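> Requesting a structural model of the entry that follows:
(one chain, ligands or ions: 1)
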Amino acid sequence: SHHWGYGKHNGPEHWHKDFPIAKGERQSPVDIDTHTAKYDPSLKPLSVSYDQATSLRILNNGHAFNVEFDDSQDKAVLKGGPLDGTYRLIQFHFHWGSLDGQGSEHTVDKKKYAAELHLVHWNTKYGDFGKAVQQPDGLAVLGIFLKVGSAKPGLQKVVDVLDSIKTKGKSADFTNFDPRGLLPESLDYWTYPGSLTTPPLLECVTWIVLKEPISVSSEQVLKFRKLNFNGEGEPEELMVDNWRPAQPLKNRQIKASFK
Ligand SMILES: [Zn+2]
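Numbering: from 1, shown residues only. See the structure here:
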């Protein structure tokens, strides 16, 4: 049967048939043109409070892998930056390529990074994630580019569990993971209003994309590429190129926290 994905017959160019908002006015990702983004001195420093984060599980959902967190209290939150109020971390995941020259969803002056990390947070004034994704300010996604170079120590625990969630629907306990180990040195960022980059493509996201990429080793990203989109007992389809390309900016402004 038919299901959205990243192949020739069900990839991003087809999604609009199931999810018409794919052609909407606030779709993500976008290209970040550094000569059109404007420094905004009213933007605050980003406040990342992850000390009390409680990771729970890692899941291969057939499109990527999600590391899930306990979001029943303000244990890992994002405040400040462009945001009003408090956004709780619910999960993170990555998008990556079959080759080092592709994989990111956002681009910077058309440059594509090897991968991109998305830390997904929801606005606590809406009570739960499901209600937050019915609101134009329901979500905040922190996006972090990955380039291939030196290894990222804080990523290694993720890499070393992937063998246990090779196929769609597999999960593994994944407690005591500290997402601070995935951050770059600088928290300078670009921000713009957009959407989920996977179906249902809902236009609920304040995007906060960090300027500084993190470095991961070739071996770390190679291990991402050994995952499978398929379920156990089905033909093997490597989980690679699970990225949506840049979408039209339309009537949107990208602001920079730095000059
Ligand atoms: Zn994503």
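
> Tell me how far residue 181 lies from residue 153.
7 Å (Cβ to Cβ, to the nearest Å). In short, each C-beta sits where N, CA and C put it, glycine included.

> Looking at these two, which is more packed in?
Counting neighbours by other Cβ atoms under 10 Å for residue 181 and for residue 153 shows that residue 181 has the greater number, 15 against 8.

> Just the element for the closest residue to the ion within the chain, please.
For the chain, the residue closest to the ion is residue 118, as judged by Cβ to the ion, at 3.6 Å. Using DSSP states H and E, residue 118 maps to strand 115-123.

> With only the CA atoms kept, save that strand in CSV.
Output of strand 115-123 as CSV, limited to C-alpha atoms (Å, rounded to 0.1, in the frame of the first residue of the first chain):
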residue,chain,number,x,y,z
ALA,A,115,22.8,15.9,8.9
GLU,A,116,20.5,18.1,11.1
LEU,A,117,19.3,17.5,14.6
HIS,A,118,15.9,18.6,15.7
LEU,A,119,15.0,19.1,19.4
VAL,A,120,11.2,19.4,19.5
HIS,A,121,9.6,21.3,22.3
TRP,A,122,5.9,22.3,23.0
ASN,A,123,4.5,25.4,24.6
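
> helices or strands next to it in the packing?
strand 77-80, strand 87-96, helix 129-132, strand 139-148 (3 or more Cβ pairs under 8 Å, 6 or more residues apart in numbering; DSSP states H and E).

> OK, contacts around residue 49?
76, 77, 78, 79 (Cβ atoms under 8 Å, 6 or more residues apart in numbering).

> right, and the third one touches residue 120 too?
Translated: residue 78. No - using Cβ atoms under 8 Å, residue 78 is not in contact with residue 120; the gap is 10.1 Å.

> shared neighbours, those two?
residue 89.

> who in the stretch 1-150 of the chain is up against the ion?
Within the stretch 1-150 of the chain, the positions lying close to the ion (Cβ under 5 Å from the ion) are residue 118.

> give the contact list for the residue of the chain closest to the ion.
By Cβ under 8 Å, 6+ apart, the residues touching residue 118 are 92, 93, 94, 95, 141, 142, 143, 197.

> Give me the sheet partners of whatever helix or strand residue 66 lives in and which way each runs.
Using DSSP H and E, residue 66 sits within strand 65-69. Strand pairing for strand 65-69, determined by DSSP bridges: strand 55-60 (antiparallel), strand 87-96 (antiparallel).

> residues in contact with that strand?
Under Cβ under 8 Å, 6+ apart, the answer for strand 65-69 is 53-59, 75-76, 89-94, 158, 162, 165, 174, 177, 179, 227.

> and these, which are buried?
53-56, 58-59, 75-76, 89-94, 158, 162, 165, 174, 177, 179, 227 (16 or more other Cβ atoms under 10 Å).

> shouldn't residue 16 be in contact with residue 23?
Yes - counting by Cβ under 8 Å, residue 16 does reach residue 23; the two are 5.2 Å apart.

> which ones are touching residue 259?
Per Cβ under 8 Å, 6+ apart, neighbours of residue 259: residue 39.

> and if we set it to 10 Å?
38, 39, 40, 41, 188 (Cβ atoms under 10 Å, 6 or more residues apart in numbering).
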